[PDB]
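Letters A, B, C, D, E and F mark the chains in the order given here, with residues in each chain numbered from 1 onward.
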Amino acid sequence: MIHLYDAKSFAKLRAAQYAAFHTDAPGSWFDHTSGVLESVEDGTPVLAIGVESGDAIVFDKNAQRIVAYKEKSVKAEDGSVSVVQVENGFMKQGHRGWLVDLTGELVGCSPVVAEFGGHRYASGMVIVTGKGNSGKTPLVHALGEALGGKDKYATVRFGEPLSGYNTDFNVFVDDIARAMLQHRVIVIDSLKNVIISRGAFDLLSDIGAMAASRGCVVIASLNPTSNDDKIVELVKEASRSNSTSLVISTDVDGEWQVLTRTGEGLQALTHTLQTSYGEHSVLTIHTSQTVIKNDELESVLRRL
Amino acid sequence: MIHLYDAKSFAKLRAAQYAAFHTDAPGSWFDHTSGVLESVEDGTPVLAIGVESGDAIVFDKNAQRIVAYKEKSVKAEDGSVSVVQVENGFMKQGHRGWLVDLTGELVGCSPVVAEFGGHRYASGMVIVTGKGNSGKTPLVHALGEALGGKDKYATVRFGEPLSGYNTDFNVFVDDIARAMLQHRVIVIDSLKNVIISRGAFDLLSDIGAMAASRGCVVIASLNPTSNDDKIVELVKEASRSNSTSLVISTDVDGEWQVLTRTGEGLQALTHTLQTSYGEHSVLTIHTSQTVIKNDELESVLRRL
Amino acid sequence: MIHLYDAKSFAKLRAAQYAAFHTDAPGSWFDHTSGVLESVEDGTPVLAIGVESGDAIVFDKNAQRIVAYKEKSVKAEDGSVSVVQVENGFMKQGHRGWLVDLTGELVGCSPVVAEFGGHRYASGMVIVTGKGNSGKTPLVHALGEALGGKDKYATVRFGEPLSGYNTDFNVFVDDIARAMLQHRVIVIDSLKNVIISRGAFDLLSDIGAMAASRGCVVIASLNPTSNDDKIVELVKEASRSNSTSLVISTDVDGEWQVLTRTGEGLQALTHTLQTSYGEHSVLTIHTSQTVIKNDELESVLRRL
Amino acid sequence: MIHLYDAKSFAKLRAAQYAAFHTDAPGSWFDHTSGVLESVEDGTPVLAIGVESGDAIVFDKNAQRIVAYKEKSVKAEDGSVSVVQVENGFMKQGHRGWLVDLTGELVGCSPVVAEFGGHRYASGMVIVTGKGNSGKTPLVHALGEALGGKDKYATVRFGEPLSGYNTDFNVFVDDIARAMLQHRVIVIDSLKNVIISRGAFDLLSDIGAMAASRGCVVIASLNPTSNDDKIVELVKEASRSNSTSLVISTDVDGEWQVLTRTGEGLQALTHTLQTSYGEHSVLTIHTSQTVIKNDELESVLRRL
Amino acid sequence: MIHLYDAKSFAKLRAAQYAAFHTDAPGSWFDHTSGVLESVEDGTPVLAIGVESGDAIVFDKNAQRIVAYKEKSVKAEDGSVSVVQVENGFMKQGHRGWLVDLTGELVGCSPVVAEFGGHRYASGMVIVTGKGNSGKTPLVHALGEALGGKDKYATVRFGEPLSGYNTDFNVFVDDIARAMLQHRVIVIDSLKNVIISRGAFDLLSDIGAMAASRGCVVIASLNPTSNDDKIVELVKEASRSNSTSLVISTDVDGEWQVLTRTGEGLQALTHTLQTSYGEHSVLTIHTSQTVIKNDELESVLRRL
Amino acid sequence: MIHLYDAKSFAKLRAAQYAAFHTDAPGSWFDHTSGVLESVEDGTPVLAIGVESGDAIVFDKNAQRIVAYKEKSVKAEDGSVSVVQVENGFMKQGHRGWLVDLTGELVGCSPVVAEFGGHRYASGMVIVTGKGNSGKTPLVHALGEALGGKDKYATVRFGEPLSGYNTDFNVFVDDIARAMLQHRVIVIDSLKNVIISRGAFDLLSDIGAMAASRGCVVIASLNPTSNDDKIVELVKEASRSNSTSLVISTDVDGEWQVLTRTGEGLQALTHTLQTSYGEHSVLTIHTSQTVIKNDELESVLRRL
């Protein structure tokens, strides 16, 4: 919904947004939104996501797909009427994203998802990309575990020529829904095949804010190196302004650079990861914050 | 509708158009058009805007979406007839834009929206763009507040990977409608995702004149830096001739250049803004007019 | 319809075509065709024009849109049947353009629309274009007034971010219809937004001949400077062979170059305009004919 | 239909094809096919041509459009069954082109259309093109008259911003049909607007052979000079292998080069035309044959 | 259908494939498959080919088009089932190509079509192409006659601006069907117009194998010289891997280079033709084998 | 379905994945999944694959195409419902790929398909590609036989101008289904024609994982050498990240380089093959492992 501000009320939104990443207990926003999801009546639609055609599929709080739901309309705070309707397994009226209010007035945040190695990590979409000697898949799994902490992490597998991997985009979105509805740390391996149909374009657009609103983190591996300035510059704009955080490999082997976005109109943070392999290619991230200005973000986007 | 002129009648339109920006009380046109909107019978369609498909949705004076409206026709001065009809939640006959006459004979104006720092600001579409060290989002909010003056400003949030942000284009247009129908200062953050479907192309085309007719200002942040001469030159023609004003960052950090268009066939004004940050990234515009000719507008469009 | 010629009958068509521009009373053809329009029975379709989809809308002599019209058939002098039918507000059988014969046997003319500053001006489509320090809008209005002479001129406004401007293409064509049906001098400001859908492509193709057949002049401002060899070369072919006359700005400020096409296979005329501004940006064209060969038309198309 | 040959029967086809251009009385094939058209029962479909959508319209021997025609099937010489059916004004079964056999066994000819200035001219599609100081329209009319001889020539007018010109493609094809059905010499002015929809692409493909089969000549003016290697190389392949003859202007003013194709797999002929203007731009071709090999045809296609 | 191999069974397929071109009596496979076609019950579909839309038309052994055929299913060796159904003149279930088994277990062959000048020629698609002084049409006819031997050859004429030439793609495919069903040597003049719709793309893909399976030869003339790297590289991949043999002209006038493909995974053969013209452009191929490796096939594809 | 991990459970997945390629008996996974297929009730859908339109066709354990199957629903271990439905010969609800669980919890493997010449070969998609003197077809058959070992191999033939070859994409996918359902070693000759419609794009995406999940190997020959950076870079990304293994020819004649992918996030293996020809072009691979890092995979992709 739309929000109204003056100097004073704006000043305290920023104050609150800063707190959401810098001071709030790690993982606490996810906890709060689980409670908001649990207080929804069974059967009520909570999440709608785009399938391959551009049609949307819809889910309840238990990640059950809704097949039929008679028109229901709420009156939001600004007078706006939200209309939800599912017919023959697809959405007939409504919008992609959260069909319930998780954020209320607290919008434009990067709610902290976890602290690891003395670094705070933001929820939203983290894109693991780059070019060269470093391998992305071992990193998403290693980073998934590390941000998992006490919790197990979810692994969505899509579009790779390996056993068990699903290659259907509609099963893929059905996966992501369940994961965001039920888990704080989600790994997508890989995001390559989506990058383009209507529902695929919708995913790139939508998944960052879905995850950021939930307070869960989606860590996706995206591999370019294509060198086609028709597809490599979509794997550069997606990384640019479609992700909340960005993890990109450097010239030094086993070294990665993290660019976290800390909130609406706040200063993007940076830090560097050192990594090594163990038995069966299992990667470990070692333990033992600078502000990064613009034109340095462009200078890092050397993926050609 | 079409308008007929001779030397004399044309001369006084210009006279009136000049007045609309240079001499009229700031914010006074918005006030006049609120009164025209309030004198419309409830239920009567006042605003129609394009959804993602290219179908149009329609609103009343209270920003309520119309679901069914029997065919009504109105005769003009003039000859021309206007036909309005809403069926099953969508427009069946009519046009995108204002379904009521706000402007009458006073057309081609940039009605002054506010005075700030001794500078008059035009209503219509202001696009905040550029390339480099300067951040757009803190500016649209700072400029929104400043033009707000005594009034709060509206913030439409679209297409960013942050908590609370809506990613559905149809919810987005439903936002803009409400904002223009109810508020003098509107902020859109961000315009990036719209830049392309039919309804998206329609928004760029339509929103400038909708806002200028209302006497409200829509301040949108648009970020290029893509360096793809397929998308960066649509973020150059939209900025060029789809906006009423333009705010673009310079080489000097915290400095911005404002190019106001003062009305149909009148001289575009220019001036420079100095800015600094405070607590939690809250931006302030400092306080303490040259005419800019063509080829200097092209010379400023160095976004490659 | 098709026309048959021999040496003798062809020779006198040229004789007549030359007369239509060089010797006939200025504005006299427009007068003749108003009489032909007034001698049409009420309700009978006279003009059909393409809407955005490519469907056509149809008008009577009074610029009233026709909603239902039962199939009527007219036989021509060459044994060809013209079929006209309107159903549910759209054309079901027929053709875009004049649904009545205005020209008879007198075809391929540039009927003189007005004399001003000792120069004859042709009816049809005049495109006001160019690149640099000179402003198009003040010129189309100045030139509109001047060719208006004793008469007021019509001003169609489309696709600019200013108060009152219509941004709907279907309202736009409804404007043009009325204007051509009722006025000798028409101004379109601006043609930029049309330049592409089916109905838009149809307008560029159709409007030149519609206006030339009526003997009314459509003066449209088209602004390129885009520097994209995908859109700037459509604002070069439209100017090239889609307009009857062309008015383009030069290196000298306030100076414009007029290239009139005088008729089917006749010599295109050229001349130069001097202009200055007065109060409130109101432009004046000063008072006090060379034949221009090919390759000099290409040499003038330096809009890159 | 398919044709079967051996050395002997092939040798006499070539013998006959050569005769069709080099020795047969000029215009005699057109006369023969008029007789074949006159011996068709009224109402029977003789010609089908593509409209804008790709649907086909159909005509009888008198150039009357057929609206309803019940399925009729003939058995051709090779066993093949030709099926013709018109329903609600459009073809339902059949093919574009001549729905009756005009050629029988005499196929692959360029039947001589006229002799003028001691030069034989072939029927089919003649494309008048080029770049520079020379004007195409005066030439198509001059060449139309000259090949007309004792007969008047037909003038189809399409897609120019002049009075009387039709801009609807469907009226355009309805013109061409009538002209080919009723006249030996046809002029199309101009072919520019067709060069692209389905029905337009169909015209370029189909009209050469339609005219060649009839023994009538279609002289079309096509103007490039666009310098866009997306449209200028379609105005180079159409000229190349979509026309029977080609008339192109040279560096010398008023001089044109004719490249006639004399028949299936025979030697293309060349010759040069000198021209001058008279009163009202009426062009005259002066009076007082070399074989042109390949790579010299490419060397002449200097339209960039 | 799928085929299963081991070392031994594979070794004897190659043995048989080699024999099919190198040792079998020229023209003997065509004879065998005529017998297989003659032992099909009347009415039973034998050949299905793609029309312009991508729908398929179907034929019986006598080249009669089938209009209605009730669903018939046949069991294979093998497991696999083949379903054939024709409804309202089009295929409703099935596949493009031979609806009966001509090849059985003998697949991947280039069955010898004829011996001429002491050279064996393969059946399948022969593409006659090149750039320069040499003419393609006289060659396809000369080569058609030579491979015809004791038999007449079929001539399909498509897409040229000459008398009798068909320009409708659907009549074109109806021709090819008949020709392949009834004749060993077929000539297509020309293949230029097909090179693109769905049915056209289908022809290039399908006709090589249709002809190779039948043991008939389709000799098609394809002319590029366009110099557009959007169309000239489709007249380079079609020639490359869409034809069984390739006949291309050299720098020396009247000399052509033949590249025969001798069978699945066997060595492509090469040889050179000398030619001269006689009366009425009738070409003769003179009388009085090297293996060509890869990179020499690319080195010959100099058509730019 | 989605999978949940911690440090410990992830560590043993890698342990298991490594085992699946490095230590498990060659061909043993294929054996296991045949048992899982045999324990499915007759009629139950097991495999769904995309036809040309993007619709899916469905098969039972015996490779019989399913025509009608009433909606059946199965619950997973993670609370997700799989819905399968076939109506009028096409899938109405479900997903492309295996409609039964073959992999359970053992996902992201490259199950070893065979050992040959002391080298383990992975199942999945092997693409045989390259540029130059070496021939692909003899290799896919040689490699097919060698990995076949004690078993015969299946040969799917598609899109080549040779006798017996199928050119219909729908018959093609029907082949692949049967082959994967019934055989451990499959050869596709060739993949060229698929490389683009919806169903074709789906095959590239889907076939790698289908085969890897089955534990069968699909060896496909793909030939580029096109030198068009619109099609050659799709024959570079398909080879890159759409195949499990890659076999590419080198500068030395008869020598090939094998790049095996050993499993999800494990080290890709490399080795070199020496080959020679025998009688009738039958190729033999000679008998008498290094880890290949990134940037060396790019350095090998020199196919321009």
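In the analysis below, contacts are C-beta pairs under 8 Å (C-beta built on N, C-alpha and C of every residue); 3 or more make two chains touch, one makes a residue touch a chain.
Just so we're on the same page, UniProt names per chain: A, B, C, D, E, F = NTPase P4.
Under the contact definition, chain C (NTPase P4) and chain E (NTPase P4) share the contacting chains D. Centre-to-centre spacing of chain A (NTPase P4) and chain E (NTPase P4) amounts to 54 Å, using the average Cα coordinate of each chain.
We define each chain's centre as the mean of its Cα atoms; on that basis chain A (NTPase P4) and chain D (NTPase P4) are separated by 63 Å. Passing around the ring starting with chain A (NTPase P4), then chain B (NTPase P4), and so on, the chain order reads A, B, C, D, E, F.
Residues 62-65, 132-135, 137-138, 141, 144-145, 148, 152-157, 159-168, 170-171, 174-175, 178-179, 183, 189, 192-193, 223, 225-228, 231, 279-282 of chain B (NTPase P4) are the ones that touch chain A (NTPase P4) when the two sit in their complex.
Residues of chain E (NTPase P4) that touch chain F (NTPase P4) in their complex: 1-7, 9-11, 14-15, 17-18, 20, 29, 79-81, 95-97, 102-103, 106-111, 123-125, 205-213, 215, 229, 233, 236-237, 240-244, 261, 263-267, 293-295, 298.
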